[PDB]
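Colleague: You'll find final14.cif just under this line, and it carries mmCIF, C-alpha atoms and all ligand atoms.
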```cif
data_model
#
loop_
_atom_site.label_atom_id
_atom_site.label_comp_id
_atom_site.auth_asym_id
_atom_site.auth_seq_id
_atom_site.Cartn_x
_atom_site.Cartn_y
_atom_site.Cartn_z
CA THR R 5 -1.57 -47.21 21.10
CA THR R 6 -0.36 -44.09 19.31
CA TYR R 7 0.28 -46.20 16.19
CA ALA R 8 -3.33 -47.47 16.23
CA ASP R 9 -4.55 -43.89 16.61
CA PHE R 10 -2.43 -42.78 13.65
CA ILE R 11 -3.54 -45.67 11.40
CA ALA R 12 -7.23 -44.89 12.02
CA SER R 13 -6.71 -41.16 11.39
CA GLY R 14 -7.53 -39.29 8.20
CA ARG R 15 -3.92 -38.33 7.45
CA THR R 16 -2.06 -41.58 6.65
CA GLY R 17 -2.13 -40.95 2.87
CA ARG R 18 -0.03 -38.51 0.88
CA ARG R 19 -0.18 -35.03 2.39
CA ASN R 20 -0.59 -31.95 0.21
CA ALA R 21 1.35 -28.74 0.65
CA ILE R 22 -0.69 -25.89 2.14
CA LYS E 8 37.42 -26.37 13.45
CA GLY E 9 39.94 -28.93 12.18
CA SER E 10 41.22 -30.27 8.88
CA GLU E 11 37.96 -32.09 8.13
CA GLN E 12 36.01 -28.83 8.56
CA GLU E 13 38.40 -26.92 6.28
CA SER E 14 37.87 -29.50 3.52
CA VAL E 15 34.07 -29.16 3.77
CA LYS E 16 34.53 -25.38 3.60
CA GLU E 17 36.66 -25.62 0.46
CA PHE E 18 34.28 -28.11 -1.19
CA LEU E 19 31.34 -25.79 -0.57
CA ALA E 20 33.32 -22.84 -1.96
CA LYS E 21 33.81 -24.59 -5.32
CA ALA E 22 30.17 -25.72 -5.33
CA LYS E 23 29.04 -22.10 -4.94
CA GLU E 24 31.13 -20.84 -7.86
CA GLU E 25 29.54 -23.49 -10.10
CA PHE E 26 26.01 -22.83 -8.83
CA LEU E 27 26.22 -19.06 -9.30
CA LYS E 28 27.32 -19.40 -12.94
CA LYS E 29 24.10 -21.28 -13.75
CA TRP E 30 22.00 -19.16 -11.38
CA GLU E 31 22.97 -15.98 -13.24
CA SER E 32 22.63 -17.55 -16.72
CA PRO E 33 19.87 -20.19 -16.56
CA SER E 34 19.29 -22.76 -19.27
CA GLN E 35 16.07 -22.45 -21.22
CA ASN E 36 14.07 -24.28 -23.92
CA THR E 37 16.26 -27.37 -24.12
CA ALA E 38 13.71 -29.83 -25.56
CA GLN E 39 10.12 -30.00 -26.86
CA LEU E 40 7.08 -32.13 -26.09
CA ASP E 41 7.22 -34.38 -29.16
CA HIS E 42 10.76 -35.46 -28.23
CA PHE E 43 9.07 -37.76 -25.67
CA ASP E 44 6.59 -40.63 -25.58
CA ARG E 45 4.32 -40.35 -22.55
CA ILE E 46 3.90 -43.58 -20.60
CA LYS E 47 2.16 -43.27 -17.22
CA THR E 48 1.38 -40.85 -14.39
CA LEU E 49 3.78 -41.22 -11.42
CA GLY E 50 2.29 -38.60 -9.07
CA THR E 51 -0.14 -35.72 -8.88
CA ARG E 56 1.36 -34.01 -12.33
CA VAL E 57 4.55 -36.04 -12.93
CA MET E 58 4.60 -38.50 -15.83
CA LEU E 59 6.99 -41.24 -16.84
CA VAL E 60 8.16 -40.52 -20.41
CA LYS E 61 10.60 -42.06 -22.88
CA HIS E 62 13.04 -39.82 -24.79
CA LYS E 63 12.78 -40.89 -28.44
CA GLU E 64 16.31 -40.08 -29.60
CA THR E 65 18.07 -41.89 -26.72
CA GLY E 66 15.48 -44.35 -25.38
CA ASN E 67 16.12 -43.03 -21.86
CA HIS E 68 13.24 -42.84 -19.38
CA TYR E 69 12.60 -39.61 -17.47
CA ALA E 70 10.07 -38.13 -15.06
CA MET E 71 8.34 -35.09 -16.61
CA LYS E 72 6.63 -32.62 -14.26
CA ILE E 73 3.78 -30.79 -16.04
CA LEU E 74 2.34 -27.51 -14.73
CA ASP E 75 -0.73 -25.81 -16.20
CA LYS E 76 0.17 -22.11 -16.45
CA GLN E 77 -3.40 -20.95 -15.78
CA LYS E 78 -3.62 -23.06 -12.61
CA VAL E 79 -0.26 -21.76 -11.37
CA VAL E 80 -1.59 -18.21 -11.74
CA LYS E 81 -4.85 -18.95 -9.89
CA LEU E 82 -2.88 -20.51 -7.02
CA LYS E 83 -0.55 -17.47 -6.83
CA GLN E 84 2.48 -19.69 -7.49
CA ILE E 85 4.09 -17.77 -10.38
CA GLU E 86 7.20 -16.67 -8.51
CA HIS E 87 7.53 -19.99 -6.65
CA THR E 88 7.45 -21.86 -9.98
CA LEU E 89 10.13 -19.57 -11.44
CA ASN E 90 12.13 -20.22 -8.24
CA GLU E 91 11.75 -23.99 -8.65
CA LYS E 92 13.04 -24.17 -12.21
CA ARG E 93 15.80 -21.58 -11.77
CA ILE E 94 17.15 -23.35 -8.67
CA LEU E 95 16.82 -26.88 -10.05
CA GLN E 96 18.69 -26.09 -13.26
CA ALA E 97 21.60 -24.66 -11.22
CA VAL E 98 22.17 -27.25 -8.43
CA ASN E 99 24.35 -30.38 -8.56
CA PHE E 100 24.54 -32.82 -5.61
CA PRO E 101 24.29 -36.63 -5.33
CA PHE E 102 21.01 -36.60 -3.39
CA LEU E 103 19.16 -34.04 -5.56
CA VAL E 104 17.15 -35.23 -8.58
CA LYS E 105 18.78 -33.98 -11.79
CA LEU E 106 16.91 -31.71 -14.21
CA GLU E 107 17.77 -32.83 -17.76
CA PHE E 108 15.51 -30.57 -19.87
CA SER E 109 12.91 -27.83 -19.49
CA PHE E 110 10.55 -26.05 -21.89
CA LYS E 111 7.06 -24.58 -22.18
CA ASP E 112 4.26 -24.36 -24.75
CA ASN E 113 1.01 -22.38 -25.07
CA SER E 114 -0.57 -24.10 -22.06
CA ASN E 115 2.02 -25.80 -19.83
CA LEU E 116 5.45 -25.72 -18.24
CA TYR E 117 7.62 -28.85 -18.36
CA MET E 118 10.55 -30.01 -16.20
CA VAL E 119 12.10 -33.30 -17.34
CA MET E 120 14.11 -35.01 -14.58
CA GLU E 121 16.06 -38.24 -14.18
CA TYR E 122 13.66 -41.11 -13.49
CA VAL E 123 14.15 -42.56 -10.00
CA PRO E 124 12.45 -45.98 -10.17
CA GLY E 125 12.55 -47.16 -6.53
CA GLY E 126 9.46 -45.26 -5.37
CA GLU E 127 8.74 -42.64 -2.73
CA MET E 128 10.12 -43.24 0.76
CA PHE E 129 6.51 -42.56 1.83
CA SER E 130 5.27 -45.78 0.22
CA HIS E 131 7.96 -47.99 1.78
CA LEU E 132 7.63 -46.39 5.21
CA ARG E 133 3.84 -46.76 5.35
CA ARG E 134 4.02 -50.38 4.19
CA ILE E 135 6.76 -51.54 6.54
CA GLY E 136 5.45 -49.44 9.43
CA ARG E 137 8.70 -47.91 10.70
CA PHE E 138 12.42 -47.99 9.96
CA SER E 139 15.03 -49.22 12.41
CA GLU E 140 17.29 -46.54 13.84
CA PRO E 141 20.30 -47.56 11.66
CA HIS E 142 17.98 -47.49 8.64
CA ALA E 143 16.59 -44.05 9.55
CA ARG E 144 20.11 -42.77 10.33
CA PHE E 145 21.31 -43.76 6.84
CA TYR E 146 18.56 -41.70 5.19
CA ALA E 147 18.82 -38.83 7.69
CA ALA E 148 22.56 -38.43 7.06
CA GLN E 149 21.87 -37.82 3.37
CA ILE E 150 19.37 -35.07 4.21
CA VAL E 151 21.89 -33.50 6.61
CA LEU E 152 24.47 -33.22 3.83
CA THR E 153 21.89 -32.03 1.28
CA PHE E 154 20.78 -29.18 3.57
CA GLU E 155 24.41 -28.29 4.28
CA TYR E 156 24.86 -27.97 0.50
CA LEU E 157 21.60 -26.09 -0.15
CA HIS E 158 21.95 -23.73 2.82
CA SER E 159 25.50 -22.77 1.82
CA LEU E 160 24.02 -21.51 -1.48
CA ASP E 161 21.52 -19.36 0.48
CA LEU E 162 18.72 -21.79 -0.44
CA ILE E 163 15.88 -22.87 1.86
CA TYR E 164 14.04 -26.02 0.81
CA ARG E 165 10.78 -25.74 2.83
CA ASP E 166 8.97 -28.96 1.86
CA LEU E 167 10.82 -31.93 3.39
CA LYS E 168 8.61 -35.02 3.79
CA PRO E 169 8.76 -38.73 2.85
CA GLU E 170 6.49 -38.04 -0.15
CA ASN E 171 9.29 -35.92 -1.69
CA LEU E 172 12.17 -38.38 -1.12
CA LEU E 173 12.71 -41.03 -3.79
CA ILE E 174 14.82 -44.19 -3.46
CA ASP E 175 17.20 -44.87 -6.35
CA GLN E 176 18.49 -48.19 -7.67
CA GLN E 177 21.42 -48.05 -5.22
CA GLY E 178 19.06 -47.54 -2.27
CA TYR E 179 20.06 -43.89 -1.81
CA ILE E 180 17.74 -40.84 -1.56
CA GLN E 181 16.98 -38.29 -4.27
CA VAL E 182 15.15 -35.13 -3.22
CA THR E 183 12.44 -33.99 -5.60
CA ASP E 184 9.98 -31.07 -5.75
CA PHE E 185 11.59 -27.64 -5.39
CA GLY E 186 8.22 -25.89 -5.64
CA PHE E 187 8.81 -23.91 -2.42
CA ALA E 188 12.61 -23.62 -2.59
CA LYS E 189 13.86 -20.03 -2.43
CA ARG E 190 17.21 -18.21 -2.53
CA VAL E 191 17.19 -15.59 0.22
CA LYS E 192 19.86 -14.03 2.42
CA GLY E 193 17.54 -12.30 4.91
CA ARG E 194 14.45 -13.69 6.56
CA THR E 195 11.32 -14.56 4.58
CA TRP E 196 7.65 -14.76 5.46
CA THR E 197 5.65 -17.01 3.09
CA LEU E 198 3.20 -19.37 4.74
CA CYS E 199 4.08 -22.57 2.90
CA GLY E 200 5.02 -26.21 3.50
CA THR E 201 3.07 -29.30 4.65
CA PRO E 202 1.16 -29.09 7.97
CA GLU E 203 2.86 -31.94 9.88
CA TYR E 204 6.28 -30.48 8.97
CA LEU E 205 5.80 -26.72 9.65
CA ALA E 206 8.05 -25.00 12.18
CA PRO E 207 6.26 -22.95 14.88
CA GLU E 208 7.71 -19.68 13.60
CA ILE E 209 5.96 -20.32 10.26
CA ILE E 210 2.61 -21.06 11.94
CA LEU E 211 2.93 -17.91 14.10
CA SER E 212 3.61 -15.63 11.08
CA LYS E 213 7.10 -14.52 12.09
CA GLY E 214 10.03 -13.93 9.81
CA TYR E 215 12.02 -17.13 9.44
CA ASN E 216 15.14 -18.56 7.86
CA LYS E 217 16.84 -21.87 7.10
CA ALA E 218 16.25 -23.10 10.68
CA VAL E 219 12.82 -24.26 9.48
CA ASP E 220 14.55 -26.96 7.42
CA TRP E 221 16.30 -28.29 10.55
CA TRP E 222 12.99 -28.44 12.43
CA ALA E 223 11.57 -30.38 9.46
CA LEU E 224 14.52 -32.79 9.65
CA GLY E 225 13.46 -33.43 13.24
CA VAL E 226 9.94 -34.29 12.06
CA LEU E 227 11.31 -36.55 9.32
CA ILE E 228 13.63 -38.54 11.60
CA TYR E 229 10.81 -38.98 14.14
CA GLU E 230 8.37 -40.18 11.46
CA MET E 231 10.91 -42.61 9.99
CA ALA E 232 11.77 -44.13 13.39
CA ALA E 233 8.28 -44.08 14.97
CA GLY E 234 6.10 -44.81 11.93
CA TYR E 235 3.91 -41.75 12.64
CA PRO E 236 4.75 -38.02 12.87
CA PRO E 237 5.40 -36.26 16.19
CA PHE E 238 2.33 -34.01 15.69
CA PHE E 239 -0.75 -35.45 14.01
CA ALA E 240 -4.53 -34.99 14.08
CA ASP E 241 -7.46 -35.15 11.67
CA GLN E 242 -7.54 -31.38 10.99
CA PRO E 243 -4.61 -29.00 10.26
CA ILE E 244 -5.55 -26.50 13.00
CA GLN E 245 -5.28 -29.28 15.58
CA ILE E 246 -1.82 -30.13 14.22
CA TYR E 247 -0.71 -26.50 14.54
CA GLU E 248 -1.89 -26.34 18.16
CA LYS E 249 0.32 -29.33 18.96
CA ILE E 250 3.34 -27.90 17.11
CA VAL E 251 3.26 -24.57 18.95
CA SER E 252 2.56 -26.13 22.37
CA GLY E 253 6.23 -26.90 23.08
CA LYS E 254 5.85 -30.58 24.03
CA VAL E 255 6.70 -33.79 22.18
CA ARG E 256 6.21 -37.41 23.26
CA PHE E 257 8.54 -40.21 22.09
CA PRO E 258 7.90 -43.95 21.59
CA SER E 259 9.41 -46.13 24.29
CA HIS E 260 11.69 -47.90 21.78
CA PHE E 261 13.46 -44.63 20.88
CA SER E 262 17.06 -44.78 22.06
CA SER E 263 18.36 -42.17 24.49
CA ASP E 264 20.62 -40.63 21.83
CA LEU E 265 17.71 -40.38 19.37
CA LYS E 266 15.45 -38.59 21.86
CA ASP E 267 18.19 -36.10 22.73
CA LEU E 268 18.82 -35.28 19.06
CA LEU E 269 15.10 -34.79 18.41
CA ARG E 270 14.63 -32.53 21.45
CA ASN E 271 17.34 -30.27 20.02
CA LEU E 272 15.90 -30.30 16.48
CA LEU E 273 12.23 -30.00 17.55
CA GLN E 274 13.23 -26.98 19.62
CA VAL E 275 10.73 -24.11 19.59
CA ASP E 276 13.41 -21.70 20.94
CA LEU E 277 15.41 -20.59 17.87
CA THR E 278 18.38 -19.68 20.08
CA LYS E 279 18.56 -23.36 21.07
CA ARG E 280 17.65 -25.28 17.89
CA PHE E 281 20.40 -27.48 16.46
CA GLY E 282 21.51 -26.35 13.02
CA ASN E 283 20.98 -22.72 14.08
CA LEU E 284 23.68 -22.30 16.76
CA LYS E 285 27.26 -21.01 16.38
CA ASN E 286 28.49 -24.46 15.30
CA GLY E 287 25.91 -24.62 12.49
CA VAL E 288 25.41 -28.08 11.03
CA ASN E 289 28.29 -29.50 13.10
CA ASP E 290 26.13 -29.68 16.24
CA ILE E 291 24.09 -32.21 14.24
CA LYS E 292 26.92 -34.08 12.50
CA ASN E 293 28.79 -34.55 15.81
CA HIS E 294 25.77 -35.66 17.87
CA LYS E 295 26.12 -39.06 19.57
CA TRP E 296 23.30 -40.50 17.45
CA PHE E 297 25.48 -39.94 14.35
CA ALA E 298 28.68 -41.38 15.89
CA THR E 299 28.71 -44.37 13.52
CA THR E 300 28.11 -42.21 10.42
CA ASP E 301 31.05 -41.70 8.04
CA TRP E 302 29.90 -38.54 6.29
CA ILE E 303 32.42 -38.84 3.46
CA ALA E 304 31.43 -42.46 2.79
CA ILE E 305 27.75 -41.43 2.65
CA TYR E 306 28.51 -38.64 0.16
CA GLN E 307 30.48 -41.11 -2.00
CA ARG E 308 27.64 -43.69 -1.82
CA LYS E 309 30.07 -46.29 -0.46
CA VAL E 310 27.91 -47.31 2.53
CA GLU E 311 25.74 -50.40 2.18
CA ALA E 312 22.11 -49.37 1.81
CA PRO E 313 19.35 -50.83 4.02
CA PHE E 314 17.48 -52.14 0.98
CA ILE E 315 17.58 -52.04 -2.80
CA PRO E 316 14.18 -51.50 -4.47
CA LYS E 317 12.79 -54.23 -6.69
CA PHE E 318 13.64 -53.58 -10.35
CA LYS E 319 11.68 -55.44 -13.03
CA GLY E 320 13.31 -53.56 -15.91
CA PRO E 321 13.54 -50.22 -17.69
CA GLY E 322 10.36 -48.20 -17.55
CA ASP E 323 8.68 -50.31 -14.88
CA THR E 324 6.59 -48.39 -12.33
CA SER E 325 5.65 -51.13 -9.86
CA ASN E 326 7.16 -49.12 -6.98
CA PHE E 327 4.61 -46.30 -7.63
CA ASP E 328 0.88 -46.05 -7.03
CA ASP E 329 -1.53 -45.84 -9.98
CA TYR E 330 -3.19 -42.52 -10.82
CA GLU E 331 -6.05 -41.57 -13.11
CA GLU E 332 -4.65 -40.52 -16.49
CA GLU E 333 -5.59 -37.13 -17.93
CA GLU E 334 -4.95 -35.62 -21.35
CA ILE E 335 -2.20 -33.11 -22.02
CA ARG E 336 -4.06 -30.46 -24.01
CA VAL E 337 -2.18 -27.62 -25.65
CA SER E 338 -4.31 -24.61 -26.54
CA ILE E 339 -3.86 -22.90 -29.92
CA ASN E 340 -3.46 -19.62 -28.00
CA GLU E 341 -0.52 -18.69 -25.76
CA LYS E 342 -1.56 -18.42 -22.10
CA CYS E 343 0.20 -16.27 -19.51
CA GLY E 344 3.17 -15.51 -21.76
CA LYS E 345 4.42 -12.45 -19.90
CA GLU E 346 4.17 -14.11 -16.47
CA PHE E 347 6.44 -17.00 -17.46
CA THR E 348 8.75 -15.28 -19.96
CA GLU E 349 11.93 -16.28 -18.09
CA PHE E 350 11.02 -20.00 -17.77
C1 LIG L 401 7.55 -37.59 -8.64
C2 LIG L 401 7.21 -38.93 -8.72
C3 LIG L 401 8.09 -39.85 -9.22
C4 LIG L 401 9.37 -39.45 -9.68
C5 LIG L 401 10.34 -40.34 -10.20
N1 LIG L 401 11.53 -39.96 -10.63
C6 LIG L 401 11.83 -38.66 -10.57
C7 LIG L 401 11.00 -37.70 -10.08
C8 LIG L 401 9.71 -38.08 -9.61
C9 LIG L 401 8.77 -37.17 -9.08
#
```
Show me, as structure tokens, the structure contained in the file I just sent.
Modeller:
Amino acid sequence: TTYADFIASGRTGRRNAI
Amino acid sequence: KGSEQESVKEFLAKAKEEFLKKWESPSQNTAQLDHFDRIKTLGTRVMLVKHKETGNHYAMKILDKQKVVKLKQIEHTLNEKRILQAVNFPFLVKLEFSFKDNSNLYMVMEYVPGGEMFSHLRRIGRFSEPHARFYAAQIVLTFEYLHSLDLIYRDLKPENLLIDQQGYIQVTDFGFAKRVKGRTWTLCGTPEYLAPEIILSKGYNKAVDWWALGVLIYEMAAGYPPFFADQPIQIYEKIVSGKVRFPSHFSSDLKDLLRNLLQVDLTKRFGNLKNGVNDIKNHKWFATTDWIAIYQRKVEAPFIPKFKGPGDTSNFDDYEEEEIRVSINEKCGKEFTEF
């Protein structure tokens, strides 16, 4: 599932500005 | 263009007269560090503090002048403070004091105790469409306000949206906000939320905020952003590709709104057409929204954050605490003279 893919990704924490 | 639109127009006219007065004559040096007791770090920095003379709690953003210089953020930081001290809207966090010392810049804001939308969204997974619509409507009005003042916000994301004790949103962090009547060109924002015209190094305008609204509504309703990957370059490739996939629980109205907001063609993106924000406010997905009631905070919120008392931070993550050191020598005085 796309949710499962998101949850196992490296970008589920707070995201910094570039 | 009826009576309701004329009232919005007149409201925004008065708002602009008030904004410009403060824009042209900014406030400066309205407190000092030892007016506050420092309590706890709320984000990274922003610290919870207590004002000694009143006993009020505030959120104090602290910027190290030397680090601002190294990151080439001098003008953006002057933008942030000059804009924040001049705006006034229900869904914008209020700046109460600002000042600087030898080492740091300080912006002391109203403390919003309910936590970042980010924390609640990640924990619950996703918001229902009525829930997401409630929050989205507040952003729609806030951008209508900011854009009418020639302001672009440029960093919309759940991390920057706080929930107050009434369950309503307060927008924080104006670090990339800019007042500009033409186009601008700075590569800035957060990767998941960047419009394609930013990634492709074109001139761009306030339409990037409406794209970012599209990303926000999607992330609230799906639980994950429309474009994600493990590395920023992979995110950018998805953003510029021109395709978006929706969860199967998205309503038909919601998908149609998001296809018009997440529109790579600037001549077709909602918010940027002849009807301006009214293409958004009159979309079928917003049919149940009473925009005046939202502005007046008369609509029942989806949830009220837990409140254990004054000064409690249980709706925020814990962060490592660092000293606030103030050098005996003034740093970067000329660069920040107007702050
Ligand atoms: C960052 C983190 C927490 C906050 C709480 N209240 C106001 C502003 C804030 C900014």
Colleague: Closest to chain R among E:114, E:326, E:242, E:14, using only C-alpha atoms?
Modeller: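 With only C-alpha atoms as the atom set, the closest residue is E:242.
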Colleague: Using only C-alpha atoms, find the residues of chain R whose closest atom to chain E is at most 6 Å away, then write them as a list in words.
Modeller: residues 14, 21 and 22 of chain R
Colleague: Store the residues picked out above, limited to C-alpha atoms, as a PDB file, keeping the file's coordinate frame.
Modeller:
```
ATOM      1  CA  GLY R  14      -7.530 -39.290   8.200  1.00  0.00           C
ATOM      2  CA  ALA R  21       1.350 -28.740   0.650  1.00  0.00           C
ATOM      3  CA  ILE R  22      -0.690 -25.890   2.140  1.00  0.00           C
TER       4      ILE R  22
END
```
Colleague: Neighbouring residues of ligand LIG 401 (chain L) are defined here as those with any atom at most 12 Å from a ligand atom, counting only C-alpha atoms and all ligand atoms; list them as a ChimeraX atom specification.
Modeller: /E:47-51,56-60,68-73,102-107,118-130,169-176,180-186,322-330
Colleague: Mind giving me the straight-line distance from CA of residue 281 (chain E) to CA of residue 91 (chain E) in Å, one decimal?
Modeller: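 Pair CA of residue 281 (chain E) / CA of residue 91 (chain E) returns 26.8 Å.
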Colleague: What is the distance between CA of residue 34 (chain E) and CA of residue 88 (chain E), in Å to one decimal?
Modeller: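 Between CA of residue 34 (chain E) and CA of residue 88 (chain E) the gap is 15.1 Å.
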Colleague: Grab the CA of residue 194 (chain E) to CA of residue 212 (chain E) distance for me, in Å with one decimal place.
Modeller: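 Separation between CA of residue 194 (chain E) and CA of residue 212 (chain E): 11.9 Å.
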Colleague: Output as AutoDock Vina command-line options the centre and edge lengths (Å, one decimal) of the box along x, y and z of the file that holds every listed atom of region 29-39 of chain E after adding 6 Å on each side.
Modeller:
```
--center_x 17.1 --center_y -23.0 --center_z -19.1 --size_x 26.0 --size_y 26.0 --size_z 27.5
```
